[PDB]
*Asks:* 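Pasting a structure below so you can have a look.
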Amino acid sequence: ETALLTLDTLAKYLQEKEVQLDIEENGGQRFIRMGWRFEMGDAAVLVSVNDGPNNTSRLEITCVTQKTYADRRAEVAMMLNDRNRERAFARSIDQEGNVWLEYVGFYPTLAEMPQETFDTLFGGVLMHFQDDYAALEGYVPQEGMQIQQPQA
Amino acid sequence: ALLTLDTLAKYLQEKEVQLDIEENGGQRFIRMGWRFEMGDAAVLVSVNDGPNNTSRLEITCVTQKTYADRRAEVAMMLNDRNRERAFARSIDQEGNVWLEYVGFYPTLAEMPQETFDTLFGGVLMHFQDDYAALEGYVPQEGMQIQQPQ
Ligand SMILES: [Br-]
Ligand SMILES: [K+]
């Protein structure tokens, strides 16, 4: 009804789920920074809302592994390549070997952004990232991977 | 002007785009061919209405040129672009190159023509950039200068 796409609206949604976060600023652009501890390793999660021309804004969510895989770079690139076609989101491995998963959505500026939609999107990003992270780490627990993992 | 496939097709048709609406599986989608200076492409658009009152808007471009002989090199090139630029690039087993946009919206979200045109334009521009890099494109042929008349 009244919640629009702004960094403060998304921070509130994250706070409401008791996610610990800080709001930072580089250049002119503010962003939300979060740490996240997955079963198989730690990660950074970033969120920003960037305005553009033509009254359109970009919601960007980014996950990056703390762990690095520089010694398996070609192998990882091909694994991520196949997921980039079959699934949502954009994965890559950088020169240092950290693995990234990114989301970019384009919205009319100050579009309605309901809590349910953001939670679905955000949860979706984390679940896809966790799946890739589990594959890199060869993590395949007997009980199966928990769909909902604590930031802890 | 809500997010429905029919709305998006109206926006494209308003811009004189040639398109067909098709059904595969249970999902309807818009199918288009696109001509770039360095090669042709398939361009697909769908709106998939999912759970938690959230829908996915998907826009996909696929090169008709193929790069299977260069698969590893292309994969690394796309990888680096996937880190630094919008959207998700990949190369498939046949060697065709894909660029995907997958956006999440409240179901039946407002989707003004100005935003869709910016989004759709941005996808095409990014894909053209990648296609140009793959092909090493340089304008090869000049303007014919003979006038009307
Ligand atoms: Br993406
Ligand atoms: K998916």
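Proteins come first, then strands; the chains are lettered A, B, ... in the order of their sequence lines, and each starts at number 1.
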*Asks:* Given heavy-atom pairs under 4.5 angstrom as the criterion, report whether the side chain, backbone, both or neither of A/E112 touches chain B.
*Replies:*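 The backbone, not the side chain.
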*Asks:* Could you check whether atom CD of A/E16 has more than 12 heavy atoms from other residues, nucleotides or ligands sitting under 6.0 Å from it?
*Replies:*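 Enclosed: over 12 neighbouring heavy atoms sit under 6.0 Å from CD of A/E16.
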*Asks:* Parallel, tilted or perpendicular: which one describes the rings of B/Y105 and A/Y107, with boundaries at 30° and 60°?
*Replies:*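 Because their plane-to-plane angle lies in the 30° to 60° range, the rings of B/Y105 and A/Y107 count as tilted.
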*Asks:* Please tell me if the side chains of B/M111 and B/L8 come closer than 4.5 Å, counting only heavy atoms from C-beta onward.
*Replies:*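 Yes, close enough: below the 4.5 Å cut-off.
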*Asks:* Heavy-atom cut-off 4.5 Å, strictly under: side chain, backbone, both or neither for A/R58 against chain B?
*Replies:*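 The side chain, not the backbone.
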*Asks:* Counting heavy-atom pairs closer than 4.5 Å to chain B, which one of A/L121, A/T109, A/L80, A/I93 comes out on top?
*Replies:*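 If we count pairs closer than 4.5 Å to chain B, A/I93 comes out on top.
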*Asks:* Which of the residues A/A90, A/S92, A/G124, A/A111 is involved in the greatest number of heavy-atom pairs with chain B at under 4.5 angstrom?
*Replies:*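 With the most close heavy-atom pairs to chain B, the winner is A/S92.
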*Asks:* Any sub-3.5 Å donor-acceptor pair from A/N84's side-chain atoms to A/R91's backbone N or O?
*Replies:*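 Pair found, side chain donor or acceptor close to backbone of A/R91.
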*Asks:* Between B/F29 and B/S46, what is the shortest heavy-atom contact and its length?
*Replies:*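 Result for this residue pair: CB-CB, 4.0 Å.
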*Asks:* At what distance, to the nearest 0.5 angstrom, does CZ of A/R37 lie from CD of A/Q149?
*Replies:*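 Output value for this atom pair is 10.0 Å.
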*Asks:* Which residue out of B/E58, B/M76, B/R81, B/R83 racks up the most heavy-atom pairs below 4.5 Å with chain A?
*Replies:*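 Winner by heavy-atom pair count: B/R83.
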*Asks:* Side chain of B/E94, backbone of B/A68: donor and acceptor closer than 3.5 Å?
*Replies:*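 Such a contact is absent between B/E94 side chain and B/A68 backbone.
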*Asks:* Side chain, backbone, both or neither: which part of A/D119 has a heavy atom under 4.5 Å from chain B?
*Replies:*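 Neither part, no heavy atoms under 4.5 Å.
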*Asks:* Under a 4.5 Å cutoff for heavy-atom pairs, which residue among A/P114, A/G105, A/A88, A/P108 has the most contacts with chain B?
*Replies:*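 Answer, by heavy-atom pair count under 4.5 Å with chain B: A/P108.
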*Asks:* Under a 3.5 Å distance rule, please check whether B/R70 uses its side chain to pair with a backbone N or O of B/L134 as donor and acceptor.
*Replies:*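 Checking the backbone N and O of B/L134 against the side chain of B/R70, a donor-acceptor pair under 3.5 Å is found.
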*Asks:* With a 4.5 angstrom heavy-atom cut-off, which part of B/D92 approaches chain A: side chain, backbone, both or neither?
*Replies:*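 B/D92 touches chain A through backbone and side-chain heavy atoms alike.
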*Asks:* Please rank B/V102, B/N79, B/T60 by heavy-atom pairs under 4.5 Å with chain A and give me the top one.
*Replies:*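 Ranked by contacts with chain A, first place is B/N79.
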*Asks:* Report which part of B/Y101 has an atom under 4.5 Å of a heavy atom belonging to chain A: side chain, backbone, both, or neither.
*Replies:*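 For B/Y101, the contact with chain A is made by the side chain alone.
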*Asks:* Using non-hydrogen atoms and a 4.5 Å limit, figure out which bit of A/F118 sits close to chain B: side chain, backbone, both or neither.
*Replies:*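 Contact with chain B involves no heavy atom of A/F118 at all.
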